[PDB]
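Inspection log for the structure reproduced underneath, given as structure tokens.
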Amino acid sequence: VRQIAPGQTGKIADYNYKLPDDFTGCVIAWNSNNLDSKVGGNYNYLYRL
Amino acid sequence: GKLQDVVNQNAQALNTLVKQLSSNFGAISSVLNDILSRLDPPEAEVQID
Amino acid sequence: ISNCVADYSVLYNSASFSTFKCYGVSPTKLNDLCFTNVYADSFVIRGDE
Amino acid sequence: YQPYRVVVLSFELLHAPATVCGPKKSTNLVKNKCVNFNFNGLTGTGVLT
């Protein structure tokens, strides 16, 4: 979450999602453990290397 | 002396102008070239200014 | 660490780091600079510090 | 309160001949023609004489 911002590094920041340094807007993050995580394990959501 | 002090003043005012390039003015490096080499545009723009 | 070639690109994607702040030099460009001296200090402390 | 491993790296960029460098994409020099320089991190433009 903390690297969802313009001017950072990482797989999410460079290989997955890139942002411009001229934002006019907001990032809105909230916790959804009770919904996105099921008892046993959830593997339906993917990412690259 | 009247005709030489004019030359000395012009040379002194031109020499001091060149030496101003060797001052950081509050930046990390006096030379502008290396700043672009090791700083991201979001941060280099802050210190190039 | 000296007198040898360091490939930082593999280290970036080797694993995830909780706090990765780069001061003075951008991280993505370290592959194309030459350092006259490099040190390293690694230990374990708490998280509120 | 969890223990966190912390490491720092002091890339001392003092004015000295290069000892540590990254990946090598080095080519051969050319004479009497302006080119882009990357001599141990020193970038610039000029002719070789």
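Lettering and numbering for the structure tokens are positional, with chains as A, B, ... in the shown order, residues counted from 1 in each chain, and ligands counted from 1 in the shown order.
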_Residues within 9 Å of range 23-30 of chain A, please, as a VMD selection string. Count only C-alpha atoms; anything in the same chain fewer than 2 positions from it doesn't count._
chain A and resid 1 4 to 6 19 to 21 32
_With 9 Å as the limit and counting only C-alpha atoms, what residues in chain C lie close to chain A? Please list them as a PyMOL selection string._
chain C and resi 12-13+16+27-28
Go ahead and dump the residues you just picked, N, CA and C atoms, as a PDB file, in the first residue's frame.
ATOM      1  N   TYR C  12      17.101  -6.269  -6.031  1.00  0.00           N
ATOM      2  CA  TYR C  12      15.837  -5.545  -5.929  1.00  0.00           C
ATOM      3  C   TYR C  12      14.648  -6.498  -5.934  1.00  0.00           C
ATOM      4  N   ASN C  13      14.664  -7.488  -6.822  1.00  0.00           N
ATOM      5  CA  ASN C  13      13.563  -8.429  -6.965  1.00  0.00           C
ATOM      6  C   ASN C  13      13.790  -9.732  -6.213  1.00  0.00           C
ATOM      7  N   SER C  16      11.111  -9.076  -0.670  1.00  0.00           N
ATOM      8  CA  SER C  16      10.406  -7.861  -0.293  1.00  0.00           C
ATOM      9  C   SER C  16      11.015  -7.265   0.970  1.00  0.00           C
ATOM     10  N   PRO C  27      17.341   4.523  -6.689  1.00  0.00           N
ATOM     11  CA  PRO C  27      17.681   3.094  -6.620  1.00  0.00           C
ATOM     12  C   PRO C  27      17.811   2.419  -7.977  1.00  0.00           C
ATOM     13  N   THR C  28      16.925   2.759  -8.916  1.00  0.00           N
ATOM     14  CA  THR C  28      16.880   2.055 -10.194  1.00  0.00           C
ATOM     15  C   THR C  28      18.129   2.272 -11.038  1.00  0.00           C
TER      16      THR C  28
END
*Select residues of chain B: the criterion is any atom within 8 Å of an atom of chain D, counting only C-alpha atoms; output as a ChimeraX atom specification.*
/B:33-34,37
_Just want the 12 Å neighbourhood of range 14-26 of chain B, counted on only C-alpha atoms, with same-chain residues fewer than 3 positions away dropped. Output as a ChimeraX atom specification._
/B:7-11,29-32,35,46-49
Selected residues written out, N, CA, C and O atoms, as a PDB file, in the first residue's frame:
ATOM      1  N   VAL B   7      40.110  47.584 -18.135  1.00  0.00           N
ATOM      2  CA  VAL B   7      40.339  46.199 -18.533  1.00  0.00           C
ATOM      3  C   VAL B   7      40.315  45.281 -17.317  1.00  0.00           C
ATOM      4  O   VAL B   7      39.724  44.195 -17.354  1.00  0.00           O
ATOM      5  N   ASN B   8      40.952  45.702 -16.222  1.00  0.00           N
ATOM      6  CA  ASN B   8      40.987  44.875 -15.019  1.00  0.00           C
ATOM      7  C   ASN B   8      39.590  44.657 -14.454  1.00  0.00           C
ATOM      8  O   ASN B   8      39.256  43.550 -14.016  1.00  0.00           O
ATOM      9  N   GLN B   9      38.760  45.704 -14.449  1.00  0.00           N
ATOM     10  CA  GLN B   9      37.401  45.565 -13.934  1.00  0.00           C
ATOM     11  C   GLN B   9      36.589  44.584 -14.769  1.00  0.00           C
ATOM     12  O   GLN B   9      35.848  43.759 -14.223  1.00  0.00           O
ATOM     13  N   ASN B  10      36.709  44.662 -16.097  1.00  0.00           N
ATOM     14  CA  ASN B  10      35.981  43.737 -16.959  1.00  0.00           C
ATOM     15  C   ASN B  10      36.460  42.304 -16.765  1.00  0.00           C
ATOM     16  O   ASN B  10      35.646  41.375 -16.701  1.00  0.00           O
ATOM     17  N   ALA B  11      37.777  42.104 -16.675  1.00  0.00           N
ATOM     18  CA  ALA B  11      38.306  40.764 -16.449  1.00  0.00           C
ATOM     19  C   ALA B  11      37.904  40.234 -15.079  1.00  0.00           C
ATOM     20  O   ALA B  11      37.578  39.050 -14.936  1.00  0.00           O
ATOM     21  N   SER B  29      25.275  18.650  -5.575  1.00  0.00           N
ATOM     22  CA  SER B  29      26.469  18.723  -6.404  1.00  0.00           C
ATOM     23  C   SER B  29      26.434  19.996  -7.234  1.00  0.00           C
ATOM     24  O   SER B  29      25.382  20.378  -7.754  1.00  0.00           O
ATOM     25  N   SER B  30      27.592  20.650  -7.351  1.00  0.00           N
ATOM     26  CA  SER B  30      27.668  21.882  -8.128  1.00  0.00           C
ATOM     27  C   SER B  30      27.400  21.627  -9.605  1.00  0.00           C
ATOM     28  O   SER B  30      26.689  22.403 -10.254  1.00  0.00           O
ATOM     29  N   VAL B  31      27.957  20.552 -10.153  1.00  0.00           N
ATOM     30  CA  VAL B  31      27.765  20.232 -11.563  1.00  0.00           C
ATOM     31  C   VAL B  31      26.366  19.662 -11.761  1.00  0.00           C
ATOM     32  O   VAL B  31      25.900  18.825 -10.979  1.00  0.00           O
ATOM     33  N   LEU B  32      25.673  20.151 -12.790  1.00  0.00           N
ATOM     34  CA  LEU B  32      24.302  19.737 -13.055  1.00  0.00           C
ATOM     35  C   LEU B  32      24.215  18.361 -13.700  1.00  0.00           C
ATOM     36  O   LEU B  32      23.165  17.715 -13.611  1.00  0.00           O
ATOM     37  N   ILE B  35      23.714  15.125 -11.357  1.00  0.00           N
ATOM     38  CA  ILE B  35      22.444  15.088 -10.635  1.00  0.00           C
ATOM     39  C   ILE B  35      21.415  14.275 -11.409  1.00  0.00           C
ATOM     40  O   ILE B  35      20.689  13.454 -10.834  1.00  0.00           O
ATOM     41  N   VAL B  46      13.454  18.926  -7.868  1.00  0.00           N
ATOM     42  CA  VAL B  46      13.403  19.706  -6.637  1.00  0.00           C
ATOM     43  C   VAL B  46      14.742  20.382  -6.365  1.00  0.00           C
ATOM     44  O   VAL B  46      14.789  21.542  -5.941  1.00  0.00           O
ATOM     45  N   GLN B  47      15.848  19.680  -6.615  1.00  0.00           N
ATOM     46  CA  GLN B  47      17.169  20.212  -6.303  1.00  0.00           C
ATOM     47  C   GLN B  47      17.825  20.930  -7.474  1.00  0.00           C
ATOM     48  O   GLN B  47      18.719  21.754  -7.250  1.00  0.00           O
ATOM     49  N   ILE B  48      17.416  20.640  -8.710  1.00  0.00           N
ATOM     50  CA  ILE B  48      17.905  21.417  -9.845  1.00  0.00           C
ATOM     51  C   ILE B  48      17.388  22.847  -9.766  1.00  0.00           C
ATOM     52  O   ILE B  48      18.094  23.798 -10.125  1.00  0.00           O
ATOM     53  N   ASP B  49      16.158  23.026  -9.277  1.00  0.00           N
ATOM     54  CA  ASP B  49      15.607  24.365  -9.107  1.00  0.00           C
ATOM     55  C   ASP B  49      16.444  25.216  -8.162  1.00  0.00           C
ATOM     56  O   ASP B  49      16.414  26.447  -8.265  1.00  0.00           O
TER      57      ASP B  49
END
_With 12 Å as the limit and counting only C-alpha atoms, what residues in chain C lie close to chain B? Please list them as a list in words._
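Residues of chain C within 12 Å of chain B, counting only C-alpha atoms: residues 22, 23, 24, 25, 26, 27, 28, 29, 30, 31, 32, 33, 34 and 35 of chain C.
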Can those selected residues be exported to a file as a PDB file, in the first residue's frame so that it contains C-alpha atoms?
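Output saved as result_4.pdb:
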ATOM      1  CA  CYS C  22      16.992   5.688  -0.780  1.00  0.00           C
ATOM      2  CA  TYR C  23      18.778   8.884   0.254  1.00  0.00           C
ATOM      3  CA  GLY C  24      20.831  10.960  -2.167  1.00  0.00           C
ATOM      4  CA  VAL C  25      20.815   8.431  -5.021  1.00  0.00           C
ATOM      5  CA  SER C  26      17.909   6.904  -6.929  1.00  0.00           C
ATOM      6  CA  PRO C  27      17.681   3.094  -6.620  1.00  0.00           C
ATOM      7  CA  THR C  28      16.880   2.055 -10.194  1.00  0.00           C
ATOM      8  CA  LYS C  29      20.028   3.695 -11.607  1.00  0.00           C
ATOM      9  CA  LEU C  30      22.700   2.173  -9.335  1.00  0.00           C
ATOM     10  CA  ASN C  31      23.605  -0.311 -12.082  1.00  0.00           C
ATOM     11  CA  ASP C  32      25.158   2.472 -14.188  1.00  0.00           C
ATOM     12  CA  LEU C  33      27.278   4.251 -11.549  1.00  0.00           C
ATOM     13  CA  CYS C  34      30.699   3.363 -10.164  1.00  0.00           C
ATOM     14  CA  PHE C  35      31.296   3.669  -6.418  1.00  0.00           C
TER      15      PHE C  35
END
Could you list, with a cut-off of 6 Å and counting only C-alpha atoms, the residues of chain D near chain C, each shown with its nearest atom pair and the distance in Å rounded to one decimal, rows sorted by chain and ascending number, as JSON lines?
{"residue": "D:1", "atom": "CA", "partner": "C:46", "partner_atom": "CA", "distance": 5.5}
{"residue": "D:2", "atom": "CA", "partner": "C:46", "partner_atom": "CA", "distance": 5.6}
{"residue": "D:3", "atom": "CA", "partner": "C:46", "partner_atom": "CA", "distance": 4.3}
{"residue": "D:4", "atom": "CA", "partner": "C:44", "partner_atom": "CA", "distance": 5.2}
{"residue": "D:5", "atom": "CA", "partner": "C:44", "partner_atom": "CA", "distance": 3.9}
{"residue": "D:6", "atom": "CA", "partner": "C:43", "partner_atom": "CA", "distance": 5.4}
{"residue": "D:7", "atom": "CA", "partner": "C:42", "partner_atom": "CA", "distance": 4.1}
{"residue": "D:8", "atom": "CA", "partner": "C:41", "partner_atom": "CA", "distance": 5.5}
{"residue": "D:9", "atom": "CA", "partner": "C:40", "partner_atom": "CA", "distance": 4.9}
{"residue": "D:10", "atom": "CA", "partner": "C:39", "partner_atom": "CA", "distance": 5.4}
{"residue": "D:11", "atom": "CA", "partner": "C:38", "partner_atom": "CA", "distance": 4.9}
{"residue": "D:12", "atom": "CA", "partner": "C:37", "partner_atom": "CA", "distance": 5.1}
{"residue": "D:13", "atom": "CA", "partner": "C:35", "partner_atom": "CA", "distance": 5.7}
{"residue": "D:18", "atom": "CA", "partner": "C:36", "partner_atom": "CA", "distance": 4.9}
{"residue": "D:19", "atom": "CA", "partner": "C:36", "partner_atom": "CA", "distance": 5.0}
{"residue": "D:20", "atom": "CA", "partner": "C:35", "partner_atom": "CA", "distance": 5.1}
{"residue": "D:21", "atom": "CA", "partner": "C:34", "partner_atom": "CA", "distance": 4.2}
{"residue": "D:22", "atom": "CA", "partner": "C:31", "partner_atom": "CA", "distance": 4.5}
{"residue": "D:40", "atom": "CA", "partner": "C:34", "partner_atom": "CA", "distance": 5.3}
{"residue": "D:41", "atom": "CA", "partner": "C:33", "partner_atom": "CA", "distance": 4.6}
So that I have them on file, write out the residues from the current selection with N, CA and C atoms, as an mmCIF file, in the first residue's frame.
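Just written: part_12.cif:
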data_model
loop_
_atom_site.group_PDB
_atom_site.id
_atom_site.type_symbol
_atom_site.label_atom_id
_atom_site.label_comp_id
_atom_site.auth_asym_id
_atom_site.auth_seq_id
_atom_site.Cartn_x
_atom_site.Cartn_y
_atom_site.Cartn_z
ATOM 1 N N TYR D 1 6.526 -4.249 17.946
ATOM 2 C CA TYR D 1 7.544 -4.873 18.778
ATOM 3 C C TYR D 1 8.234 -6.067 18.131
ATOM 4 N N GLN D 2 7.827 -6.476 16.931
ATOM 5 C CA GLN D 2 8.501 -7.576 16.264
ATOM 6 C C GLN D 2 9.922 -7.170 15.873
ATOM 7 N N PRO D 3 10.862 -8.117 15.870
ATOM 8 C CA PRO D 3 12.237 -7.789 15.469
ATOM 9 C C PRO D 3 12.335 -7.657 13.955
ATOM 10 N N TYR D 4 13.029 -6.616 13.504
ATOM 11 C CA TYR D 4 13.178 -6.321 12.087
ATOM 12 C C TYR D 4 14.658 -6.228 11.746
ATOM 13 N N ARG D 5 15.075 -6.950 10.709
ATOM 14 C CA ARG D 5 16.452 -6.870 10.242
ATOM 15 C C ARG D 5 16.652 -5.576 9.465
ATOM 16 N N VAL D 6 17.690 -4.825 9.823
ATOM 17 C CA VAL D 6 17.975 -3.527 9.222
ATOM 18 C C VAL D 6 19.400 -3.538 8.686
ATOM 19 N N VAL D 7 19.570 -3.049 7.461
ATOM 20 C CA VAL D 7 20.881 -2.910 6.839
ATOM 21 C C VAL D 7 20.954 -1.559 6.141
ATOM 22 N N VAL D 8 22.134 -0.946 6.183
ATOM 23 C CA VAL D 8 22.395 0.314 5.503
ATOM 24 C C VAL D 8 23.617 0.137 4.614
ATOM 25 N N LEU D 9 23.677 0.936 3.551
ATOM 26 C CA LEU D 9 24.798 0.921 2.619
ATOM 27 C C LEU D 9 25.259 2.352 2.401
ATOM 28 N N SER D 10 26.548 2.602 2.620
ATOM 29 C CA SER D 10 27.125 3.938 2.477
ATOM 30 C C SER D 10 27.916 3.970 1.173
ATOM 31 N N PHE D 11 27.256 4.405 0.103
ATOM 32 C CA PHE D 11 27.894 4.521 -1.205
ATOM 33 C C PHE D 11 28.722 5.799 -1.219
ATOM 34 N N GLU D 12 29.960 5.707 -0.740
ATOM 35 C CA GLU D 12 30.854 6.861 -0.674
ATOM 36 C C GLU D 12 31.292 7.213 -2.089
ATOM 37 N N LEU D 13 30.784 8.335 -2.603
ATOM 38 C CA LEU D 13 31.069 8.784 -3.960
ATOM 39 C C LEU D 13 32.186 9.819 -4.013
ATOM 40 N N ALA D 18 37.399 4.588 -9.842
ATOM 41 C CA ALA D 18 36.338 3.624 -9.587
ATOM 42 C C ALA D 18 36.911 2.291 -9.121
ATOM 43 N N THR D 19 36.209 1.654 -8.182
ATOM 44 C CA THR D 19 36.617 0.352 -7.669
ATOM 45 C C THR D 19 35.462 -0.641 -7.730
ATOM 46 N N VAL D 20 34.234 -0.146 -7.594
ATOM 47 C CA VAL D 20 33.032 -0.970 -7.649
ATOM 48 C C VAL D 20 32.120 -0.402 -8.725
ATOM 49 N N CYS D 21 31.647 -1.265 -9.622
ATOM 50 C CA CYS D 21 30.773 -0.851 -10.710
ATOM 51 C C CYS D 21 29.722 -1.927 -10.944
ATOM 52 N N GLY D 22 28.688 -1.564 -11.700
ATOM 53 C CA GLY D 22 27.599 -2.465 -11.992
ATOM 54 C C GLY D 22 27.817 -3.246 -13.273
ATOM 55 N N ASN D 40 32.862 5.642 -16.074
ATOM 56 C CA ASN D 40 32.760 5.398 -14.634
ATOM 57 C C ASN D 40 31.730 6.318 -13.983
ATOM 58 N N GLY D 41 30.606 6.515 -14.667
ATOM 59 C CA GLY D 41 29.539 7.351 -14.163
ATOM 60 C C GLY D 41 29.620 8.812 -14.546
#
*Run DSSP on the backbone of this structure and report the residues of chain C it assigns to alpha helix (DSSP H), as a list in words.*
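For chain C, the alpha helix (DSSP H) set is residues 8, 9, 10, 11, 12, 13 and 14 of chain C.
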